[PDB]
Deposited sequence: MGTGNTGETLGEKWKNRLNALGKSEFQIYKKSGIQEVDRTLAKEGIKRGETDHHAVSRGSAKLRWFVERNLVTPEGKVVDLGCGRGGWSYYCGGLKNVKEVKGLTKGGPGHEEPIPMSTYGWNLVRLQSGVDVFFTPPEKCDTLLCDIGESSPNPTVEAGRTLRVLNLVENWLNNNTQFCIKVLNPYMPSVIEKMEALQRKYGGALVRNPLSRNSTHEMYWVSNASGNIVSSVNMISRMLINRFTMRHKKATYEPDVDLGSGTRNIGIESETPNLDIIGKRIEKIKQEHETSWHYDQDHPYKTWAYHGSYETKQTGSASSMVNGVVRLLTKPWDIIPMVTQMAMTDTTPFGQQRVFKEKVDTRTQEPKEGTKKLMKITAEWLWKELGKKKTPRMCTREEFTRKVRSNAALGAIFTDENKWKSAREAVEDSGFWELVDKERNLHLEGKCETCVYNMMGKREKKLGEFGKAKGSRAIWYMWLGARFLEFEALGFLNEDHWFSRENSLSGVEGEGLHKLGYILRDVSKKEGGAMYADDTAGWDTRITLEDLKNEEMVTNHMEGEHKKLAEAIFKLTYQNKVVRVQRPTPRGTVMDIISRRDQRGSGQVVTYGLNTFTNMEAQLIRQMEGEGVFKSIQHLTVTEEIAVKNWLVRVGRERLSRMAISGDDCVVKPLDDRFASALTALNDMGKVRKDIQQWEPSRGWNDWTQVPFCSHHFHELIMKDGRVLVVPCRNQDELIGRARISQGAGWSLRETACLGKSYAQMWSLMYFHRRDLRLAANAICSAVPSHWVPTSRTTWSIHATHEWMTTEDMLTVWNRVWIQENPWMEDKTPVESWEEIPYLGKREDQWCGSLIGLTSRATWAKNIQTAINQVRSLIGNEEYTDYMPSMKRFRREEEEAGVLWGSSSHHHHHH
């Protein structure tokens, strides 16, 4: 028996002598002040565990000099990794923890260097292959009263780190149990090869023998272990000692890098307009030597009042009428988003900060030819033109503290005129985009969320843009009528009929692949293709639009805001690639892309790498012979697309689709696509569409979605009244659009029976483009219903009005139940029986006003 005569004493020791012993003589790190700011949401400075300190005392003693690629095996919250981010000779850190239920889930931190730390949870480091790394950490080992077990556990990790270890590598490896003649054997052998020594840390509790194989030490294995067994056996009878306290680690703030650079930015274009911003400022303009950008070009920063949020209020007025769903987690776990400068930069590091390799000479040709053709088609029966300051000032009606109060006020129009003749002449000055997150009610918390960005532009630079490319959305170029494929100017509810009318086409299945971050995947080839709108212009109309395309679309300057360790700045950056009117372009190129892909299925061309002469002829013929036939095969709204090709050879035609940028989401690249054989199953614009027979026998096609997605979004906002008029906007929307849901209607008739009548609905219910927002009136909702489905709905022939909500039909139960209903559950039944009661408690809380009652008897 080794000094493991101590484990015999330890685990066989009094429950309280245990918690005394554990702390006596050691070195603690008062955490009861960092653990307290992390719950507040404070994301700076703080270490996430008592482990930044641990790895601090080793690093500060030169026992480990992490550098370069650092891989952390067992990151947990992020103690060693986040700490290593702050360090200087480190470049990237890769964190890995099993995590999950029982284990320790990682924490996201704004701490200095954080952009250099990527943490992934859900990883059995034992089952993942080794990568190149300049330093290798590992803090795995669960202790146990059975030392034969943890010799096995330690043996298991020692075998792992040896796979990852290289002769030149820096390391730090928790040896959970080092006094067992199993590990001392393996350590003695691991030490001959890789060298280093076993070092006990003065920060570890006395209830373990943890020693660390640190690369840059040296020392006898056996004797260093018994040295610790003695020192730990002593403290069994050494009169309880306090616990020397260290200050925690101040892990800092802010983002480093400046090393890489990788975007030759035409300065002879973005130049005359970057000196503006550093003129406008300069009492602030610095150059952050620690900018995070790699595939965007950096230019300097300036001080900025922070802008964003990460809030989430429960619409407790919709929530008090939603009593059966307080348990369902895909409501009670759907936060708002995160627009704070940190969550914007956290999204930047992941979605916008990428590049896209150049397409192959042959893809390049196919994309030209097809656009060459499409543009020519799309305006077979259309002509481009300018849009009038009048039209713009006219468009002011919902779409200088104002924009209404900025166009009717002479000043702006001379400001837009100076830069106007500048574009004409070949420059911008005032043509920056100013990024910001889009608040959205995407779910994903724990108690979190984040996704998108919206390139907001100078209220006067839009005019130069609107004036050039406004004819697109204004003469309805991408309306189904003229584009055959587009669905512009079409009601979301009427988007169901358009898919039904496409199943009518003869072909394979219906396909609705989603592109992974479309705007980021726009290439210059897609930019210079969409530029061809100009070939079909002339005069002072080309020039202008040419400037738009060449000056602000292919060559744009952007500002974004990130937290420095000294306030929120606003960096200024430029990319040539990517895209910010970006709907018709996003529809134009999605068509072209889905044309090239349809073509691939059918074999009209065989290789992306080179299109042969006899092959770019077939392309033309195909395009001229069946081009309009295949446009009719698609339902395309921006980046969102539904397709029904000839055959299911489609679902494998990908050399083009992946070379153009347009890489599908949530699916390995060279894996065939998912077909839909039922068009009431295809998703398009975050909805699907059932076909619902009424009583008189008329065909309804009606939008639907996972009924949970609908309650959750409704129970969030960005007074009792300002929030009661937010439910009524959702409730009015559920009628009219989701009327076919036993749950939603029953819950909507309750919202409008607890929100006073005459109270007008307010703030957006959806940022959908195809949303008519027709649920905002204060009219009888059965009047509007007839107005949408019967009076104005074209696919509706018998204009015989309906005049009762009882004559309005639900889906069949099991569709309702499939698409997510709760009918059939004992709560849902209790919730309807006793509903005039939760109406009451919401009326008896929204004051004492005028109340109708819609609730059917």
Which segments of the deposited sequence lack C-alpha coordinates in the modelled structure, numbering from residue 1?
1-8, 408-419, 468, 602-605, 744-747, 887-911
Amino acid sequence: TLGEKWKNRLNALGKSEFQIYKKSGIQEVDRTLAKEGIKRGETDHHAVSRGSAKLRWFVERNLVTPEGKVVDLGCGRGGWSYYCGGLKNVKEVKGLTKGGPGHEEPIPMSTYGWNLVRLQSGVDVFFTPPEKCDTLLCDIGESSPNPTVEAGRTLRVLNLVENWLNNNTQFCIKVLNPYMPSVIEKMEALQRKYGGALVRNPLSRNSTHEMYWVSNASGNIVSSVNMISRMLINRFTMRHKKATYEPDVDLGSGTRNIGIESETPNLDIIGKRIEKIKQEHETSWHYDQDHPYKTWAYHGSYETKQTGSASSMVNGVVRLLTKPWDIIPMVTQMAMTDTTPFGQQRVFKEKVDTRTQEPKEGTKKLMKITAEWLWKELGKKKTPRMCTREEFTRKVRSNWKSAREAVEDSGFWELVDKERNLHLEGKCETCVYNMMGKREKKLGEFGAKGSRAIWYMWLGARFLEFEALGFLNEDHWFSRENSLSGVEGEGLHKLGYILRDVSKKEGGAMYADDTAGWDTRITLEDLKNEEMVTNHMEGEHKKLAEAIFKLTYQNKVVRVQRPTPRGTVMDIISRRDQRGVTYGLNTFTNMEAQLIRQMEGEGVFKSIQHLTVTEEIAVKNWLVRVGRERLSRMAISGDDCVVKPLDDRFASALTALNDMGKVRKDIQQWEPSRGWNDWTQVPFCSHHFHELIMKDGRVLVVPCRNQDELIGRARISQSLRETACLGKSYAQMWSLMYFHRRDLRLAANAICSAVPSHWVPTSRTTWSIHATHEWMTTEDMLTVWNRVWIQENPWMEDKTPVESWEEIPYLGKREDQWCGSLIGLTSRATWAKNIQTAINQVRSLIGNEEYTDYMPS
From here on, numbers count along this sequence of modelled residues.
On mean C-alpha B-factor from the PDB entry, just flag whether 149-157 or 773-781 is the higher one.
773-781
On average, are the C-alpha B-factors higher in 49-57 or in 820-828?
820-828
Using the entry's values, work out which of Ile693, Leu551, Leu116, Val619 has the largest Cα B factor.
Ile693
Could you say which of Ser485, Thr337, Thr523, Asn226 has its CA atom at the highest B factor, as listed in the PDB entry?
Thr337
For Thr800, does the deposited CA B-factor place it in the lowest, middle or highest third of the chain?
highest
Please place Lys39 in the lowest, middle or highest third of its chain by C-alpha B factor as given in the entry.
highest
Here the Cα B-factor of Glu600, set against its chain, lands in the third termed middle
Going by the entry, which third of its chain does the Cα temperature factor of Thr65 land in?
lowest
Quick one: classify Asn220 as lowest, middle or highest third of the chain based on its Cα B-factor.
lowest
